[PDB]
Amino acid sequence: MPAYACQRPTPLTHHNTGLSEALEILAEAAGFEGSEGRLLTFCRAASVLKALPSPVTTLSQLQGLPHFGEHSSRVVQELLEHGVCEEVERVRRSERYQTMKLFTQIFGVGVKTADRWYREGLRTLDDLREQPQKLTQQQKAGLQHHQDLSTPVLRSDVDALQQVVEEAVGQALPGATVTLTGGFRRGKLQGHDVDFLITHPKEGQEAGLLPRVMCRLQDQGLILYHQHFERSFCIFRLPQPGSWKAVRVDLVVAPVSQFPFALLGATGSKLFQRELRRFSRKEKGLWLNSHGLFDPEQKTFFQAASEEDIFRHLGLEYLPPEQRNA
DNA sequence: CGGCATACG
DNA sequence: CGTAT
DNA sequence: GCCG
Ligand SMILES: [Mg+2]
Ligand SMILES: [Mg+2]
Ligand SMILES: [Mg+2]
Ligand SMILES: [Mg+2]
Ligand code: NA
């Protein structure tokens, strides 16, 4: 088992679901307390289990696996022996965890804002609605639409949204293309948002595109919220039988020369990209981001034509999106 | 021990 | 500060 | 919390 998540296939569904979910609870709780190092380790340990070819049934099977030390091993041991881990259950039922989870799930609210509100004594969404002076317009949108945004987005919803985005993109810039990214490109059947990447085959033609797209979507009555650039974080109005629902949609524009890097970054998973960038810098001496791959010794950028190119240039076996579910 | 991904709105 | 993968 |  290699130590970096980008060195091993990680499928969407796997053989250690309960064990990984418990470790991910501890990762999430670590983040609510600002402990980014412990969040990473618990996330990494969870991802190792997702990469295994069969269920862990005995503690001996953790020996030699990366990112399993005393703490993550004890969690697994308790789950295997009793079906429950006391630490995990204590976190799950704690007022701090449940409220930070509730608050951070609001669009426009992060850990720092949620923590401040928690310390001020706030606990519920109605507590927040009773004091709109404390809210940004973004938070107001997130709170107004919270119920809809808590409902899973389905793959049928994605097809409908892609068509309306393509329509607006086609008027804004003929020949521009729309690619589905994020979790749905990795094969997820549900999600909490839809992610798209837009480019144009002629380098430079994509300049100024996203304002033109957003203006056209807003004119069509499809935009319930947006920030108004090259990234937009929108709430869309999606038709439903006899009504509609609010859906989070993210749009990204990249020049075609950067498209492989932007596609790689936007396809994720989040942990996969963190691990890939860590691997690039620490093992290969190259600096990876959503725009390119930089050799800081020669001061040159690697021209990729495909994701396959990028994996080859990092000396990694290629992984299709469906195997990047770290 | 230091390090833990990286960018844009 | 927020957002995203 | 774990790795190198
Ligand atoms: Mg997504
Ligand atoms: Mg998104
Ligand atoms: Mg230390
Ligand atoms: Mg997200
Ligand atoms: Na949030």
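Basis for what follows: all heavy atoms, side chains included, without hydrogens, waters or symmetry-related copies. Chain naming here is simple, since letters A, B, ... match the order of the sequence lines and numbering starts at 1 in each.
With hydrogens and angles left out, the side-chain atoms of A/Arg274 and A/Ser269 include no donor and acceptor closer than 3.5 Å. Neither side chain, A/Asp148 nor A/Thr151, offers a donor N or O lying under 3.5 Å from an acceptor on the other. When only modelled atom types and interatomic distance are considered, A/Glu203 and A/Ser257 share a side-chain donor-acceptor pair under 3.5 Å.
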Test salt bridge (charged side-chain N to carboxylate O under 4.0 Å, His left out) on A/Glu89 and A/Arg92 and set out the steps. CA-CA 5 Å; A/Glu89 297 306 303; A/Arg92 288 194 208 270; 3.0 Å; yes
Go through it in stages, so that I can follow the logic: the residues are A/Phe236 and A/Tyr225, the test is ring-ring contact (aromatic ring centres under 6.0 Å, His included), and I'd like the CA-CA distance, side-chain angles, deciding distance and then a yes or no. CA-CA 7 Å; A/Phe236 271 57; A/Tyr225 164 90; over 10 Å; no
Verdict with reasoning, A/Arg38 to A/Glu33, per salt bridge (charged side-chain N to carboxylate O under 4.0 Å, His left out): CA-CA 10 Å; A/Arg38 289 167 167 78; A/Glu33 303 315 302; over 6 Å; no
Please lay out, stage by stage, how A/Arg44 and A/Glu275 fare under the test salt bridge (charged side-chain N to carboxylate O under 4.0 Å, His left out). CA-CA 9 Å; A/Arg44 291 166 178 164; A/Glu275 293 277 289; 3.0 Å; yes
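Screening residues 223-240 of chain A for salt bridge (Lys or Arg N to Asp or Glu O under 4.0 Å), with sequence neighbours left out, gives no hits. Residue pairs meeting the salt bridge (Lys or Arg N to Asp or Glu O under 4.0 Å) criterion with at least one partner in residues 12-26 of chain A, sequence neighbours excluded, are A/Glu24-A/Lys50.
When distances run from any side-chain atom of A/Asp193 to the nucleotides B/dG9, C/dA4, B/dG3, the shortest one goes to C/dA4. Of the candidates B/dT6, B/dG9, C/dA4, B/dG9 carries the atom nearest the A/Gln227 side chain, counting heavy atoms from C-beta on. Of the candidates B/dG9, B/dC4, D/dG1, the closest approach to any side-chain atom of A/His228 belongs to B/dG9. Nearest to the side chain of A/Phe229, among D/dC2, D/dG4, B/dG9, sits B/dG9.
Heavy-atom distances to DNA chain B give each of A/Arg278 and A/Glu230 a nearest nucleotide, and the one nearer the 5′ end belongs to A/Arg278. Judged by closest nucleotide on DNA chain B, A/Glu36 is the one of A/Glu36 and A/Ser290 placed further toward the 5' end.
A salt bridge is defined here as a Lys NZ or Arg NE, NH1 or NH2 lying under 4.0 Å from an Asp or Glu carboxylate O, and A/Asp250 with A/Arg248 meets this definition.
For the segment residues 267-274 of chain A, residues with any heavy atom less than 4.0 angstrom from an atom of DNA chain B are, sorted by number, A/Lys270, A/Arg274. Using a 4.0 Å cutoff on non-hydrogen atoms, no part of residues 95-106 of chain A comes near DNA chain B. Proximity of residues 37-51 of chain A to DNA chain B (heavy atom under 4.0 angstrom from any strand atom) is restricted to A/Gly37, A/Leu40.
Remark: P of B/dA5 and CG of A/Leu276 are 12 Å apart, rounded to the nearest angstrom. Atom CD in A/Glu283 sits roughly 12 Å away from atom P in B/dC4 (whole-Å rounding). Between the CD1 atom of A/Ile25 and the P atom of D/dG1 there is a distance of 17 Å, rounded to whole Å. Here the P atom of nucleotide D/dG1 and the CG atom of A/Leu65 are 19 Å apart, to the nearest Å. In this structure, the CD atom of A/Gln138 is 18 Å from the P atom of B/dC8, given to the nearest Å. Rounded to an integer number of Å, the gap from CZ of A/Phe68 to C1' of D/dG1 is 12 Å. One interatomic measurement links the two molecules: CD of A/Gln7 to P of D/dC3, which rounds to 14 Å at whole-angstrom precision. Per the geometry, OH belonging to A/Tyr4 stands 10 Å off P belonging to B/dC4, to the nearest Å.
Using a 4.0 Å heavy-atom cutoff across all strands shown, A/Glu70 reaches sugar-phosphate atoms only and no base atom. Residue A/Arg186 is in sugar-phosphate contact alone, with no base atom involved, counting any heavy-atom pair closer than 4.0 Å across all strands shown. Within 4.0 Å of A/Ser280, counting heavy atoms only, lies no atom of the nucleic acid at all. Contacts of A/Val252 with the nucleic acid, taken as non-hydrogen atoms under 4.0 Å apart, are absent.
In this structure, A/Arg96 is positioned above the aromatic face of A/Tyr118, its NZ or CZ under 6.0 Å from the six-membered ring centre and within 45° of the axis.
Between A/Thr113 and C/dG2, a side-chain N or O to OP1/OP2 separation shorter than 4.0 Å is present. The phosphate of B/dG9 (OP1 or OP2) has no side-chain N or O of A/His226 nearer than 4.0 angstrom. Dashed line: the shortest gap from a side-chain N or O of A/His67 to OP1 or OP2 of D/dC2 is not under 4.0 Å. Between A/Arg248 and C/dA4 there is a side-chain N or O to OP1 or OP2 distance below 4.0 Å.
Aromatic rings from A/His291 and A/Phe261 are positioned such that their centres are separated by 6.0 Å or more.
The same atom, P, is picked in B/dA5 and in D/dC3; the two are 16 Å apart, to the nearest Å.
Not counting sequence neighbours, the partners of A/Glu95 by the salt bridge (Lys or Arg N to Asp or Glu O under 4.0 Å) test are A/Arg123.
Contact of A/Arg281 with B/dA5 (side chain to base): no donor-acceptor pair of N or O atoms is detected under 3.5 Å.
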